[PDB]
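Undergrad: Chains as they are written, first to last, in the working numbering: chain B, 1 to 117; chain U, 1001 to 1064; chain D, 2001 to 2201; chain E, 3001 to 3037; chain G, 4001 to 4143.
A virtual CB, placed ideally from N, CA and C, is assigned to each residue, including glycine.
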Amino acid sequence: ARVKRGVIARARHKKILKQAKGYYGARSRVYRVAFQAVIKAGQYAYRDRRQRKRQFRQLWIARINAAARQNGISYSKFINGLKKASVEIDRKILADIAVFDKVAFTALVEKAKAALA
Amino acid sequence: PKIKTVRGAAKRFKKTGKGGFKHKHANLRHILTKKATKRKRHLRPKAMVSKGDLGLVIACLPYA
Amino acid sequence: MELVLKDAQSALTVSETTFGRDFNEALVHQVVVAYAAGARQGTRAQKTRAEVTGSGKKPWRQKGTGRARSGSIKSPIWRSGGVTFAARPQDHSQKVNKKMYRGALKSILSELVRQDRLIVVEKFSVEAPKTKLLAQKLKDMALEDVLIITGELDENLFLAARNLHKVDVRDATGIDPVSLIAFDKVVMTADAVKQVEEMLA
Amino acid sequence: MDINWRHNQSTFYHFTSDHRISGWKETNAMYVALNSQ
Amino acid sequence: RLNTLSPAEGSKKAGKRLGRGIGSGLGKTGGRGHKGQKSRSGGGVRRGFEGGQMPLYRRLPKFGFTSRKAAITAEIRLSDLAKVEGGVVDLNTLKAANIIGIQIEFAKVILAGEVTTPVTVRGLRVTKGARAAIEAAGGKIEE
RNA sequence: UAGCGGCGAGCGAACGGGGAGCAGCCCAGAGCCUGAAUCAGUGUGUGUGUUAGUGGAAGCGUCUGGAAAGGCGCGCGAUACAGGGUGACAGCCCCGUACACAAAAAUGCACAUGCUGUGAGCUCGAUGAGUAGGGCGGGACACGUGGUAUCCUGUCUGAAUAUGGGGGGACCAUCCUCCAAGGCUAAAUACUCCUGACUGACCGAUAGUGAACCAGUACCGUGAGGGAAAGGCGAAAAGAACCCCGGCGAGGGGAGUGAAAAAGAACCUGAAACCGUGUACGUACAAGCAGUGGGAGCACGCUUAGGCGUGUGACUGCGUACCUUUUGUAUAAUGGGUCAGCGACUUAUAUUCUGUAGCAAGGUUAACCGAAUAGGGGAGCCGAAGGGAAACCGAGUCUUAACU
């Protein structure tokens, strides 16, 4: 029972090359380079599902720090204030209020300064 | 083929009742007047092949 | 145990050890796989590197060409080169122990009785050696795919079943596991039942 | 053409010449080796 | 039902296929480690080879000899001799019962379990315990 | 296994048992007696086989379709439903198959028979000499000179000859067995250049022969020798009349055939690398494994605006390929120009362990016979008993004068 291996090899190669559309040059044409490109894209994608949590958090902290200094207190003192005021709003939402609702953020700063004093 | 016995091992080990192998002790062929009689008396009975070496012996003696 | 005859409406007294035991599916599977393996004429050969029609001249010098080093034009890596582990004609027979063969037949006969795939007639013979007569006879008994097994091999029945595809006539001596399992219904003559019990003890 | 190309790739497969790389290519490898000693 | 028969559970184990991929577990080196004499095709040392140290079967002395006569002695239990068809036991009558072998010249009737019928043993050596066991269950031993 | 063995690596019997097959004879030598069985060579007759052959069952309607053997409906053959072809898949269209027959002639085999040659059978006698054996050297015996029997002989020698001689594993004696120094002999057995039939959990064009094709060719080499690549239009050539561009071209565009000519001979399918044309987006102040996480804008589709999907991707965080070998590689260490095809833990036989199945103090047969994967075949192997170097003893045994 000789098994020719044309049809299944074609299917594997094609699977990998479909996962590499949009890559520059051989990275999207040649199998032997698109295999490495697809794997290295896999490793980066893993690594960056962790980094997007780190990057979004540092973005939010920069926006709360900006808006809170606009209301006359730093980020450090603001988070200490709200923790002592026993407010448990996470900082995705504090960043989002700090962009969209300036008056609510002003009131949060008043709770923070009220408890912090 | 059929497995050939390592033939000079069959002359030196002999199988026992629970699968172990007995052998004659070394050191009792010549130079003998220098040895104590306590050595020589303790080298006369036959002895079991130790745990380390049964692998080798079973490999050399596949029909015994 | 008793087997109800189809036509005479009697009951044939059989052994419970032969026609009434359990189905040992593992045992039957071993005897079936072994029977089918015994049928393989294992005739084939590819050519190793030694048997390929070439020369043992080394195709280029060992060092200095920038080619990879090669030594024979009959290497298995080379096109036209000789199979690495080329096959030889081989025997595919398995030993089936005699008590495992008989055990397997006892299991399959017990399941042909238990699944109502076993029909016991008193006599089953055809008038003339015509396939038309056996076709009409099997049509009257509501049987299309059938293994007729008779204790004395009739000549006319054998010639009448030789063209019918689904139908096979055996003597009680030469039954095999794969036909008792293969055919939908097995129709044994009562004499064949007695001979089967003599074979399978 | 294909036959002449297979034979004319087969030209320096069994060579001997040591000062020429691969039988034919001129070099200075005699002086390179000799100076390395 | 030939497409419903199926083997036992545990009977057909897979079979190691070496050299296929990373997931399989045995790819690249097939389970034979890095370089060396043992990772080489044909590679391996011979039996009873300890590097060059003098092997165990060759640093120990040899003893004994083979008898020539122990190959024609036999050893009959008491579980048999109810198998001899006769109630009389000689070397033939045992050979005829496929119980010693044709080349056998000497036989002995070791106590190894449960004689019942009265047996007349003729021309065979009998051990002490089995003399008592043959004579206790009826029996007769002449020589 | 016993043994042989730098007692290493390894080599490795016989006796005895079971089967296949079975067959005995002649000369060394005279008389009686003849053609007496015996084969060999030939003629003839019979039987059978080979080399050409002959007959050989049984179907139509309708739907899809280029075409029907296909679907649906209703029939018939079968000692014939092995197979191949026919415009798709046919038991009934064709060739065949089962079955039943056929040879003017030449032949193979087997009986019968004619002739020739050959010799039966009886009594008595003989019963293989430079030979057996020996010394020296070497070889074959499983046996390597060893305590080495036995066989063969290059060299030197050398008997007895049935009141005799050979062997029985140094050797002697006793006992048993056999008759060398002359020869013939079927079957079981081994093999396939070559022919026929059939079969394949063999290959299907980089495979299978090196060779599916005018292949041991082209080609290479002084020579011996080495040694390729290369299959497939269509059901049928109906293989493109004629017209136009063009050099009375090449190539093309129509026309026509065709079910289909991106089925047009550079011909089934028609992948990938590689090269183009067209469209959307980005890209000419921006540094690096070229992605990834975020992400504006733009273009197409939507969408009861639901704010989505696809393509692109400014800008921005992070980010030095894969393999291999290594203490450690972005490494400026190895390998790879890319694609496509092939390319590496197999097979056989023994032995051990695990799983599983059968039977169980028993399990199982091998060769072979074979109604032949059945059933016979238990020769044998393994186990139920060990100890001891061995005799021997035996649930004990060995050690030892004997064992707390």
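Is the shortest distance between the beta-carbon of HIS3014 (chain E) and the beta-carbons of chain D less than 8 Å?
TA: Cβ-Cβ to chain D under 8 Å: yes for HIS3014 (chain E).
Undergrad: With 16 as the cutoff for other CB atoms within 10 Å, does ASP3002 (chain E) come out buried or exposed?
TA: It counts as exposed.
Undergrad: The beta strand (DSSP E) that contains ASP2171 (chain D), what's its start and end?
TA: Unbroken beta strand (DSSP E) run through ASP2171 (chain D): 2167–2171.
Undergrad: Please state if the CB of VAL2028 (chain D) and the CB of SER2125 (chain D) are separated by a distance shorter than 8 Å.
TA: The answer is no: Cβ separation not under 8 Å.
Undergrad: Which residue marks the beginning of the beta strand (DSSP E) containing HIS2092 (chain D), and which one marks its end?
TA: Careful: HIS2092 (chain D) lies outside any beta strand (DSSP E) and carries neither H nor E.
Undergrad: If you measure from the beta carbon of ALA1059 (chain U) to each beta carbon in chain G, is any gap under 8 Å?
TA: Yes, because at least one Cβ of chain G sits closer than 8 Å to the Cβ of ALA1059 (chain U).
Undergrad: What does DSSP give as the partner residues of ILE4076 (chain G) in its beta bridges?
TA: Looking at the DSSP assignment, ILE4076 (chain G) forms a beta bridge with G:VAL4109.
Undergrad: Taking its Cβ as the centre, do 16 or more other Cβ atoms sit within 10 Å of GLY81 (chain B), making it buried, or is it exposed?
TA: When all chains shown are included, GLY81 (chain B) counts as buried.
Undergrad: Would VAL4119 (chain G) be called buried (16 or more neighbouring beta carbons within 10 Å of its own) or exposed?
TA: Buried, since its Cβ has 16 or more Cβ neighbours within 10 Å.
Undergrad: In angstroms, rounded to a whole number, what distance separates the CA positions of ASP2145 (chain D) and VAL2004 (chain D)?
TA: Answer to the nearest angstrom: the Cα atoms are 21 Å apart.
Undergrad: Find the residues of chain G that neighbour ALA1064 (chain U), judging by a C-beta separation of less than 8 Å, and give them in chain order.
TA: Ordered by position in chain G, no residue passes the 8 Å Cβ test against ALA1064 (chain U), which lies about 12 Å from the chain.
Undergrad: Rounding to the nearest angstrom, what Cα-Cα distance links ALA34 (chain B) and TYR24 (chain B) in this structure?
TA: Distance between the alpha carbons of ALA34 (chain B) and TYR24 (chain B): 10 Å.
Undergrad: Run through chain E and tell me which residues come within less than 8 Å of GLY2064 (chain D), C-beta to C-beta.
TA: Correct list: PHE3015, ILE3021, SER3022 and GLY3023.
Undergrad: Does the count of Cβ pairs from the segment 1043–1060 of chain U and the segment 3009–3018 of chain E closer than 8 Å reach three?
TA: As far as the Cβ criterion goes, the segment 1043–1060 of chain U does not touch the segment 3009–3018 of chain E, which means the pair count is below three.
Undergrad: Taking a Cβ distance cut-off of 9 Å, strictly less, list which residues of the segment 2066–2099 of chain D are near chain E, in chain order.
TA: Correct list: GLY2066 and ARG2067.
Undergrad: Output, in chain order, the set of chain G residues within a Cβ distance shorter than 9 Å of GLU2025 (chain D).
TA: Within chain G, the residues near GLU2025 (chain D) are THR4004, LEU4005, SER4006, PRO4007 and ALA4008.
Undergrad: Please state the DSSP three-state secondary structure of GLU4009 (chain G).
TA: Looking at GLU4009 (chain G) - three-state DSSP - the assignment turns out to be coil, as it is neither helix nor strand.
Undergrad: For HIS2165 (chain D), which residues in chain G fall below 8 Å Cβ to Cβ?
TA: Within chain G, no residue comes near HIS2165 (chain D); the closest Cβ sits about 17 Å away, beyond 8 Å.
Undergrad: Could you tell me which of D:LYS2123, D:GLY2054 and D:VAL2052 sits nearest to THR2189 (chain D), measuring between CA atoms?
TA: Nearest option by C-alpha distance: D:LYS2123.
Undergrad: Compile a chain-ordered list of the residues in the segment 4029–4050 of chain G whose CB is closer than 7 Å to at least one CB of chain D.
TA: Listed by position along the chain: nothing, the set is empty.
Undergrad: For the pair the segment 4031–4039 of chain G and the segment 104–116 of chain B, tell me if three or more CB-CB distances fall below 8 Å.
TA: No: the two stretches stay apart, fewer than three of their Cβ pairs being nearer than 8 Å.
Undergrad: Quick one, which residues of the segment 2022–2054 of chain D are near chain E if we go by CB-CB under 7 Å, in chain order?
TA: Within the segment 2022–2054 of chain D, no residue has a Cβ that lies closer than 7 Å to any Cβ of chain E.
Undergrad: So if I threshold CB-CB distances at 7 Å, which residues from the segment 4050–4069 of chain G count as touching chain U?
TA: Within the segment 4050–4069 of chain G, the qualifying residues are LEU4056, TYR4057, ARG4058, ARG4059, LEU4060, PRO4061, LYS4062 and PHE4063.
Undergrad: Please list the partners that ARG4001 (chain G) has in chain D, where partner means a Cβ-to-Cβ separation under 7 Å.
TA: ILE2181, listed in chain order.
Undergrad: Under 8 Å: do the segment 2110–2123 of chain D and the segment 2175–2187 of chain D share three or more Cβ pairs, one atom per stretch?
TA: Flag = yes, the segment 2110–2123 of chain D and the segment 2175–2187 of chain D touch.
Undergrad: Using the Cα positions of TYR3013 (chain E) and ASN3028 (chain E), report the straight-line distance between them to the nearest angstrom.
TA: Their backbone Cα atoms lie some 22 Å apart in a straight line.
Undergrad: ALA2104 (chain D) to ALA2008 (chain D), Cα distance in whole Å?
TA: Cα-Cα distance, rounded: 30 Å.
Undergrad: Cα-Cα, which of U:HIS1042, U:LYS1022, U:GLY1052 and U:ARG1039 is closest to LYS4062 (chain G)?
TA: Per the Cα distances, U:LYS1022.
Undergrad: Sorted by chain position, which residues of the same chain lie with C-beta nearer than 6 Å to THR2150 (chain D)'s C-beta, five sequence neighbours on each side aside?
TA: These residues qualify, in order along the chain: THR2189 and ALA2192.
Undergrad: For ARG63 (chain B), I'd like the list of residues in its chain whose CB is within less than 6 Å of its CB, leaving aside the five on either flank, ordered along the chain.
TA: Excluding residues within five positions, the ones whose Cβ falls inside 6 Å are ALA95 and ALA98.
Undergrad: Is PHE4049 (chain G) near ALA4074 (chain G), with beta carbons less than 8 Å apart?
TA: The answer is no: Cβ separation not under 8 Å.
Undergrad: Let's test the definition: count the other Cβ atoms within 10 Å of the Cβ of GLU4085 (chain G) and tell me whether it reaches 16, buried, or not, exposed.
TA: By the neighbour-count rule (16 or more Cβ atoms within 10 Å), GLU4085 (chain G) is not buried but exposed.
Undergrad: Are there 16 or more other CB atoms within 10 angstroms of the CB of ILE2175 (chain D), so buried, or fewer, so exposed?
TA: When all chains shown are included, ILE2175 (chain D) counts as buried.
Undergrad: Give the secondary structure of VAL2121 (chain D) by DSSP, where H, G and I count as helix, E and B as strand, and everything else as coil.
TA: If DSSP states are grouped into helix, strand and coil, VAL2121 (chain D) belongs with the strands.
Undergrad: Answer with yes or no whether the minimum CB distance from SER4079 (chain G) to chain D is below 8 Å.
TA: Judged by the 8 Å Cβ criterion, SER4079 (chain G) is not in contact with chain D.
Undergrad: Are the beta-carbon atoms belonging to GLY2042 (chain D) and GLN2094 (chain D) less than 8 Å from one another?
TA: No, the pair does not count as a contact, with Cβ atoms beyond the cut-off.
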